[PDB]
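One-letter residues, chain by chain:
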Amino acid sequence: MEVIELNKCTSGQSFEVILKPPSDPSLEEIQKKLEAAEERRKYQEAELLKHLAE
Amino acid sequence: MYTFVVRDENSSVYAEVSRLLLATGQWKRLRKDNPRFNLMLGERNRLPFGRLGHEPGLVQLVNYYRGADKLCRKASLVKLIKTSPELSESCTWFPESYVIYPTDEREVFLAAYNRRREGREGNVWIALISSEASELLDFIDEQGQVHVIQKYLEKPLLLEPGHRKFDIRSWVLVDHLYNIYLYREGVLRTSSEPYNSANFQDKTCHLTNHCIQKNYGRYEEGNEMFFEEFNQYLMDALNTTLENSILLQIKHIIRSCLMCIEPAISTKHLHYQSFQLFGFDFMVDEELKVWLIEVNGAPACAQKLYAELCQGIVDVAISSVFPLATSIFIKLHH
Amino acid sequence: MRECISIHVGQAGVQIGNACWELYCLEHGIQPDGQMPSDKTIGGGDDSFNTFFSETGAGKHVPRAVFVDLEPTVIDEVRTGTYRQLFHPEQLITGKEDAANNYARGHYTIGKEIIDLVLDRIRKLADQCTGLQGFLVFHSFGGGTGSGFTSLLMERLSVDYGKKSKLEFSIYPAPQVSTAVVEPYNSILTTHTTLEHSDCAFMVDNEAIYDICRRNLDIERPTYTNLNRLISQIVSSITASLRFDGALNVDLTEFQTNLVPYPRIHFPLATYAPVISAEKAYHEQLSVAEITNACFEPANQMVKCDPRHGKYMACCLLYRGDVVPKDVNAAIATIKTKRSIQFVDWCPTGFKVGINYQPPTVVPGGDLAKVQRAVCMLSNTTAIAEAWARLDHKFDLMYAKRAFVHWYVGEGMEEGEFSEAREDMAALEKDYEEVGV
Amino acid sequence: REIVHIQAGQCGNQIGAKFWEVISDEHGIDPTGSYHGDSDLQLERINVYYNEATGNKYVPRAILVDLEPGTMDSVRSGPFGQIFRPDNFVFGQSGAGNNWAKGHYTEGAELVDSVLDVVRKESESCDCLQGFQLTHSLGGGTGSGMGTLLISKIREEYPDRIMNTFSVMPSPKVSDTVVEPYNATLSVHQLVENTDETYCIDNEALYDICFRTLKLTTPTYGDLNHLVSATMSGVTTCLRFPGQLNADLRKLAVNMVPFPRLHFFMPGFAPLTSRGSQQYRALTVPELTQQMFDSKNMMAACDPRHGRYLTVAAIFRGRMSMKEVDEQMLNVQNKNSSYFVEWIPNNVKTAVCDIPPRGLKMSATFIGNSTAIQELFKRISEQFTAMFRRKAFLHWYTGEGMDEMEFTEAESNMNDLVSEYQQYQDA
Ligand SMILES: Nc1nc2c(ncn2[C@@H]2O[C@H](COP(=O)(O)OP(=O)(O)OP(=O)(O)O)[C@@H](O)[C@H]2O)c(=O)[nH]1
Ligand SMILES: Nc1ncnc2c1ncn2[C@@H]1O[C@H](COP(=O)(O)OP(=O)(O)CP(=O)(O)O)[C@@H](O)[C@H]1O
Ligand SMILES: Nc1nc2c(ncn2[C@@H]2O[C@H](COP(=O)(O)OP(=O)(O)O)[C@@H](O)[C@H]2O)c(=O)[nH]1
Ligand SMILES: COc1ccc(C=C2c3ccccc3C(=O)c3ccccc32)cc1O
Ligand SMILES: [Ca+2]
Ligand SMILES: [Mg+2]
Ligand SMILES: [Mg+2]
């Protein structure tokens, strides 16, 4: 019903129609997560090479 | 070879359907959580409609209409009727009702309670049955959940011999094309104890539930009169038929209720598909004027009618989508 | 004028990025060699299209875009493709071996050895900006790179560009074109880690696009090319307000303002119409009322769901072609009385409308026919939560047996992150439930 | 992503030589190592298996190993014997006498370093080595013993590379010696730990197929290898040719292996054909799909109905309706959804390749990770125990330094593997 905020230009136009009214982690922590996961990989690989060494 | 699943064990109707399906030797029941199904006889609560119609290479069908609860819940049915222009506040086949929350339209209800009292006309209502507003509001707040207050039909039609109260149960099947099918066989859930106009305390002749009644089995087997007998009584006692005096109104009410919510629940262009069996409870006053009481989304059938109705469901609602290698239904055209 | 940088991660991101930028060039009349004859301000300017294209003294218009994939195969086709001259080497980044459909491998293992390079190549674009708005990130949910590396990138951008907005164009997994069995794992994992870092995300379910191509373009087996050219049209409709003169959604902040009242619930549903086959001999052009009505058909949505059984928080209509406000309002009034459109009680029941008189451009030799008027509706409805429900269910089935989990644990990820991600998703489904019912 | 091929022992070299012979024809490569094809599809992913020399000469990235020169001299004198890099011929003289201990601990330990020097020389040429593939038998001594020794030492030097194997299982129906169950049991112990993917090629299955289906009265090792070479060509199709999913062993492993130890696949193939006998009628897609799932078409003598499929990979070759493929594949799953685990959604994936194998207008290769594979290991375990309960023929092994405990341990691990498969069959 109510058309408002009609804005017109050469490219087109825009408006709003209403039918009814209403009723972060730091660089430190990130580098910590990545390196911590890298350590777990190193540990897993070391356990393998140790197992293979046996 | 089609496939289906069962997720409602307590369903007497569809326990029989799954039986019939298996007996064709062209349907295979799968486990509960097997997603690769053609048909789903889903649960009553928290049915996962969102997970339907996303299996490539499978046409999927479910035995429930999403959003049909708005019709099959007493609090919702009132709101639906009052807000929908199709039914309107002026609806003549639905009793005057109001939505009441425990400590909403309580002030609105009292405004009508006054005209009844300041008019010296019938002023009995129902949630228990009472003629005093205070006795009712004190009962709702004592229960906990939301209740609906409704005008009590003080002048119901009474079967003879017995001076008995009764209600009518009609079974309606809506398929995937939203064809509205009325089961030709209905049943009158009667009271055996004579209707008492003065004493509302005794709720044994006011409430006609099959459980409460179970004078049980005096006049007919199990307090259940079918249409052939009821039709005969109307002819002998009132010089009319079930078709003319009542069934036209019933078909009108059913048609109107389902047409109202069609755009909200229709699965015409959906990725999955729905059908559903409903149970409409009707009430007849002394002037042969039909009133809608409520709608059941998960209705049980009558023992005699299980075999015929359940088979009917397979024919028009299931086999119509999944065909295999005169009609008991009356099509309410629209 | 404020610039926008487009980031394309993984196979899906890159190949969709190619479709979009191809289309962009055709809409602005830019040639494969980057020359734009209509641009009379040689070597610079602050026009609307400069939001996406920077300029060189030689008169070349280059995309403000970076392509990144942990495998060289896909981007190599950009290096040697028809628009090879458009981008320059520093924009096209490639690794040696991919993430192997593994989130943990893309995020932790391989992500760590290339993240600094990527951010540096991004920083080089940002330095060429006078006023950076933010980023548009294209990626898949299912891919190891698209899921794993994206989330890591999104985390760092929030650190290096804290004041900048970040939008997503995300491909939701569909078995009909799925490449991995563990895509639900990757989807939940990247969604959990990216959620706090994304201001607004447009999900496209490959299932929806696949069936739209089959149903409306009569393509029996849609290829990625078929899917992507259709997606690029939708993406174009969404970003057109950033590239052309207008007053609606003129910057990235306005997307969150107009579509996302609640931060976590920042997944607007896109619905596009009309989709018509180019090899359709005889076609009757559709009207404003007809295409606007199609915006409420699930068969036209980017995600198959039922908005009737949910609640709207916001709704924008974006028209392109022969359209005027009068016909739009007439179409809305009619639709309102025929369809179920429930808004949340704390939002006005209304529509923000944007019209561009230039009709949608079609790729020569493409599958889409030229139309006189098209529309893309952006509605934030709780019904899109059905997609989260589907996805979390598949996640639960596999994780209950810890199937495939060892692949992620082997890349340095903890098994706890699975349950932590799933819990965050369980909360998300709850948020949608509170708002919607 | 380059793959380094290795073939060990008599069986390993004979199926290995046959494998290169088949795919060399598919890629247009002749015995000289020169290309003579008509499609660029043939050369797009040929780097995966072939090294390119000057003058555009294609040489297999293959290493031939044995503890005796007999079989390798036959290869070198075979049809495509000249294509192989002569330096990649690494062989001993003593043999292994069908003894796992000799191949793994004594005779093979003396030769293994020489092999790893050739592996290292090949790997250093690779732009980005993705992994290895081994062809060998488990019933002998060299392929079984030294082959698994190689795998262990390759897993010590390239621990982040994929190890794949085509392992021929022994069978009394096609037996050379009685100690095959010993050699096989000892080898399975190794494969469970040190491979990502193992294609179980059962000689019992290959025999039954040749006898029952192909109606060959007396099948030879040549007949058996016609089935193997056809299967090996199929399972490596997506690795060797352009397609939707982009050619690498890790993505196969990730999607096929829900649990690390359960990585023993059942190969299948359709249509089943015998040597020389040309078929004139191409199979319809419904026929390819039906047959490739039939137990009669499985290369591992296990009944798939006795177990459940964890994951499945299917590759159709030839000019066909990829839509019809989709429907038929979806039909199988939707018809027999009980034989697929429900806790791995969409565990069946399919790919298509335009290029068909030689002699067929179209074909279908099956790669299944079924829990029914336990039947294979139970069979070997029963044969193992029948002898081991009396310590029969054990002196062949203790004479090489082995102890009875190592047999008891190998026996225990395979029985564990069996029970692990059984755990997920009743999930
Ligand atoms: N719409 C569309 N989806 C795609 C396209 N390419 C891949 N996908 C989807 O992306 C998902 C897999 O992610 P990819 O982008 O292919 O993989 P990636 O991002 O490169 O990550 P990795 O290869 O595992 O390292 C699958 O579900 C595909 O369906 C594309 O071009 N268009
Ligand atoms: N407003 C009214 N006026 C007259 N009778 C009424 C009435 N409201 C209810 N009743 C009488 O109500 C009895 C029981 O309750 P109601 O109809 O709400 O059943 P439930 O027990 O709520 C539905 P059903 O058991 O059929 O699923 C009706 O069947 C009828 O006997
Ligand atoms: N399929 C096939 N199996 C073989 C062949 N030669 C031997 N075998 C099997 O391999 C086992 C013997 O191993 P073999 O390769 O001869 O021992 P090795 O040379 O010391 O490795 C037995 O179980 C045989 O059935 C062959 O050419 N083809
Ligand atoms: C069981 O789920 C999956 C199993 C395997 C794959 C990928 C593969 C695969 C991946 C890379 C290379 C080769 C292969 C194949 O040759 C193959 C053949 C048919 C179908 C899938 C696959 C992808 C999946 O999603
Ligand atoms: Ca300019
Ligand atoms: Mg990739
Ligand atoms: Mg031998």
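Residues numbered from 1 in each chain as written, not as in the entry; some residues may be left out. Chains lettered and ligands numbered in written order. Part of a larger assembly, values for the part shown. Heavy atoms only, no water.

Its PDB record attributes the structure to X-ray crystallography, giving the resolution as 2.298 Å.

S.K.: Residue-level account of the overall build of chain B, with values.
M.R.: Within chain B, the regular secondary structure consists of 9 helices and 16 strands. In terms of overall size, chain B behaves like a compact globule, its C-alpha atoms giving a radius of gyration of 21 Å where 334 residues would be expected to give roughly 20 Å. With the principal axes as the frame, chain B shows a C-alpha extent of 65 × 50 × 35 Å. For chain B, the accessible area works out to roughly 15,800 Å², and carbon and sulfur atoms hold 48% of it. Put simply, chain B has 37 plus and 42 minus side-chain charges, and the middle of one group is 7 Å from the middle of the other. (Helix = DSSP H or I, 4+ residues; strand = E, 2+ residues; numbered from the N terminus. Rg over C-alpha atoms; globule rule 2.2 N^0.38 Å. Areas by Shrake-Rupley, 256 points an atom, 1.4 Å probe, with all protein chains shown as cover. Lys, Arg positive; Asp, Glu negative; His and termini not counted. Charge placed at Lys NZ, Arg CZ, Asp CG, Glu CD.)

S.K.: Describe the overall build of chain D, with residues and values.
M.R.: Helix and strand counts for chain D stand at 15 helices and 12 strands. The principal-axis extents of the C-alpha atoms in chain D amount to approximately 60 × 55 × 45 Å. Out of the 427 residues belonging to chain D, those deemed buried represent 61%. A fraction of 82% describes how many contacts in chain D between residues 6 or more apart in sequence connect residues 24 or more apart. Put simply, chain D shows about 15,800 Å² of open surface, and 48% of that area lies on carbon and sulfur atoms. In chain D, which carries 37 positive and 52 negative side-chain charges, the distance between the mean positions of the two groups comes to 6 Å. (Buried < 20%, exposed > 50% of the residue type's maximum accessible area, 1.4 Å probe, protein only. Contact = heavy atoms within 4.5 Å.)

S.K.: Requested: an account of a negative patch on the surface, with residues and values cited.
M.R.: Negative charge collects at one region of the surface, where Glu132, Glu135, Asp138 and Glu142 of chain B lie side by side. Structurally, the position occupied by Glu135 of chain B is in helix α5 (residues 133-143). (Patch = residues over 30% accessible without salt bridge, like charges linked within 9 Å, V, L, I, M, F, W, Y side chains within 5 Å. Salt bridge = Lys/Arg side-chain N within 4 Å of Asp/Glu carboxyl O.)

S.K.: Let's hear about the interface of chain A and chain C: which residues, and what values?
M.R.: On the chain C side, the residues contacting the 31 residues of chain A number 38 residues. At the boundary of chain A with chain C, the tally comes to 3 salt bridges. In this structure, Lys352 of chain C and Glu16 of chain A form a salt bridge, with 3.5 Å as the shortest nitrogen-oxygen distance. At the junction of chain A and chain C, the tally comes to 14 residue pairs in polar contact. Tallying contributions element by element places helix α1 (residues 27-53) of chain A first for the side of chain A that touches chain C, with 11 residues. Residues that form the side of chain A that touches chain C fall into these classes: 13 nonpolar, 10 polar and 8 charged. The sheet contact formed by strand β2 (residues 12-20) of chain A and strand β11 (residues 349-356) of chain C spans 8 bridges and is antiparallel. Bridge pairing links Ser14 of chain A to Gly354 of chain C in β11 of chain C. (Polar contact = N/O pair within 3.5 Å; in protein donor to acceptor, adjacent residues only side chain to side chain. Nonpolar A, V, L, I, M, F, W, Y, C, P; charged D, E, K, R; others polar. Pairing = 2+ DSSP bridges.)

S.K.: Give a description of the pairing of strand β1 (residues 3-9) of chain C that names residues and reports values.
M.R.: All names here are of chain C. The buried fraction of β1 amounts to 7 of the 7 residues, a majority that puts the element mostly inside the structure. Burial along β1 is two-sided: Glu3, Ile5, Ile7 and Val9 facing one way and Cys4, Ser6 and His8 facing the other are all buried. The sheet contact formed by β1 and strand β6 (residues 132-140) spans 6 bridges and is parallel. Following the sheet pairing, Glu3 is matched in β6 by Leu132.

S.K.: Which residues make up the domain arrangement of chain B, and what values do they have?
M.R.: Residues and elements named next belong to chain B. Domain annotation for chain B reports domain 1 (1-63), domain 2 (64-95 + 155-334) and domain 3 (96-154). Relative to domain 3, the C-alpha centre of domain 2 lies at a distance of 25 Å. Interface area for domain 2 against domain 3, summed over the two sides, is near 1,400 Å², with a carbon-plus-sulfur share of 65%. Of all residues in domain 2, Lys82, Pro95 and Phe200 give up the largest surface area on contact with domain 3, accounting jointly for 38% of the area buried on that side. Between the two partners, domain 2 and domain 3, sit 1 salt bridge. Taking the shortest distance from any N to any O, the salt bridge between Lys82 and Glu105 comes out at 2.9 Å. Taken together, the connections running from domain 2 to domain 3 amount to 5 residue pairs in polar contact. Of the residues forming the side of domain 2 that touches domain 3, the biggest block, 4 residues, is contributed by helix α3 (residues 74-83). Of the residues belonging to the side of domain 2 that touches domain 3, the class tally is 10 nonpolar, 1 polar and 5 charged. (Domains from an automatic or database assignment. Buried area = accessible area lost by both parts, 1.4 Å probe.)

S.K.: Can you lay out the site of ligand 4 for me, pointing to particular residues and giving the numbers?
M.R.: Near ligand 4, the surroundings consist of 18 residues, among which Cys238, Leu245, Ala314, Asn347 and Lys349 of chain D are the closest. Surrounding ligand 4 is a set of residues that belongs to chains C and D. In the complex, the protein chains occlude 98% of the 510 Å² of accessible area that ligand 4 would expose alone. Breaking the shell around ligand 4 down by element, the ones donating at least two residues are α9 (237-240), α10 (249-256), β10 (309-318) and β11 (348-353) of chain D. Among the elements that make up the shell around ligand 4, the one with the highest residue count is β10 of chain D (4 residues). (Near = heavy atom within 4 Å.)

S.K.: Please provide a residue-by-residue account of the sheet that holds strand β8 (residues 147-151) of chain B, values included.
M.R.: As a general point, the strands of a sheet are linked pairwise by backbone hydrogen bonds and lie either parallel or antiparallel. Residue and element names in this part refer to chain B. Pairing in this open sheet of 4 strands is antiparallel, and the strands run β5-β8-β6-β7 from one edge to the other. Either end of the sheet is taken by a strand with one partner, and the two such strands are β5 (97-100) and β7 (129-130). For strand β6 (residues 125-126) and β7, the ladder comprises 2 bridges, and the chain directions are antiparallel. Among the inter-strand pairings, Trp125 is bridged to a residue of β7, identified as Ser130. α5 rests against β5, β6, β7 and β8 of the sheet, and its axis sits at about 160 degrees to β8. (Axes fitted to C-alpha atoms, helices over the stretch in contact; angles between N-to-C directions.)

S.K.: A description of the UniProt feature "binding site: Mg(2+)" in chain D should follow, citing residues and the corresponding values.
M.R.: All names here are of chain D. What UniProt calls "binding site: Mg(2+)" maps, in this numbering, to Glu68. Among the structural elements, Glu68 can be located in the loop between β4 (62-66) and α2 (70-76). The residues touching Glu68, leaving out its near neighbours within four places in the chain, are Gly92 and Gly95. (UniProt positions renumbered as here; feature names shortened; annotations may be inferred.)

S.K.: Residues and numbers for the interface of chain C and chain D, please.
M.R.: In this complex, chain C contributes 25 residues to the contact, which on the side of chain D involves 28 residues. With both sides pooled, the region where chain C packs onto chain D buries about 2,500 Å², and carbon together with sulfur makes up 59% of that total. Looking at the side of chain C facing chain D, the largest losses of area belong to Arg221, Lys401 and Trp407 of chain C, adding up to 24% of the total buried there. Applying the counting rule to chain C against chain D returns 5 salt bridges.

S.K.: A description of the site of ligand 2 should follow, citing residues and the corresponding values.
M.R.: Residues and elements named next belong to chain B. Lining the immediate surroundings of ligand 2 are 18 residues, of which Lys74, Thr208, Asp281, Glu294 and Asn296 lie closest. In this structure, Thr208 approaches ligand 2 through a side-chain N or O atom, which is 2.9 Å from an oxygen atom. Only β8, β9 (166-174) and β15 (290-296) provide two or more residues apiece to the shell around ligand 2. Split by residue class, the shell around ligand 2 holds 5 nonpolar, 5 polar and 8 charged. Taken domain by domain, the shell around ligand 2 gets at least three of its residues from each of domain 2 (64-95 + 155-334) and domain 3 (96-154).

S.K.: How would you sum up the UniProt feature "binding site: GTP" in chain D? Please name residues and give values.
M.R.: Residues and elements named next belong to chain D. Here the UniProt feature "binding site: GTP" sits at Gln10, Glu68, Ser137, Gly141, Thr142, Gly143, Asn203 and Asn225. Over a stretch of 216 residues, the named residues are scattered through the fold, their C-alpha atoms separated by up to 22.8 Å. Within the element layout of this structure, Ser137 appears in strand β6 (residues 131-137). The class for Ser137 is buried, based on a relative accessible area of 16%. Excluding its chain neighbours within four sequence positions, the residues that come into contact with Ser137 are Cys11, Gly12, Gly143, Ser144 and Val168. Counting through the fold element by element, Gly143 comes out in helix α5 (residues 142-157). Judged by its relative accessible area of 3%, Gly143 is buried.

S.K.: Would you mind going over the packing of helix α1 (residues 9-26) of chain D against helix α8 (residues 221-235) of chain D in detail, with residue names and values included?
M.R.: All names here are of chain D. Here α1 crosses α8 at 55 degrees, and the two axes come no closer than 9 Å. Classified by the angle their axes make, α1 and α8 are oblique. In this structure, α1 meets α8 at a crossing whose hand is right-handed. Residue-level contacts link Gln14, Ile15, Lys18, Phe19, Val22, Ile23 and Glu26 of α1 to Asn225, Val228, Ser229, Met232 and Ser233 of α8. Of the residues that constitute the contact of α1 with α8, the class distribution is 6 nonpolar, 4 polar and 2 charged. (Parallel < 35°, antiparallel > 145°, perpendicular 65-115°, else oblique. Left-handed = near helix turned anticlockwise from the far one by under 90°.)

S.K.: Provide a residue-level description of the domain arrangement of chain D, including the pertinent values.
M.R.: Residues and elements named next belong to chain D. Looking at chain D, the domain boundaries give domain 1 (1-258), domain 2 (259-372) and domain 3 (373-427). A C-alpha centroid distance of 25 Å is found between domain 1 and domain 3. Contacts between the two partners involve 25 residues from domain 1, matched on the other side by 25 residues from domain 3. Both sides of the domain 1 and domain 3 interface together cover about 2,200 Å² of buried area, and 69% of this is carbon and sulfur. Contact with domain 3 buries area across many residues of domain 1, yet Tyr182, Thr185 and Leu186 alone supply 30% of it, more than any other trio. The interface formed by domain 1 and domain 3 holds 2 salt bridges in total. At the level of secondary structure, the elements contributing two or more residues to the side of domain 1 that touches domain 3 comprise α3 (100-104), α6 (180-194) and β8 (197-202). Among the residues forming the side of domain 1 that touches domain 3, the class breakdown is 15 nonpolar, 7 polar and 3 charged.

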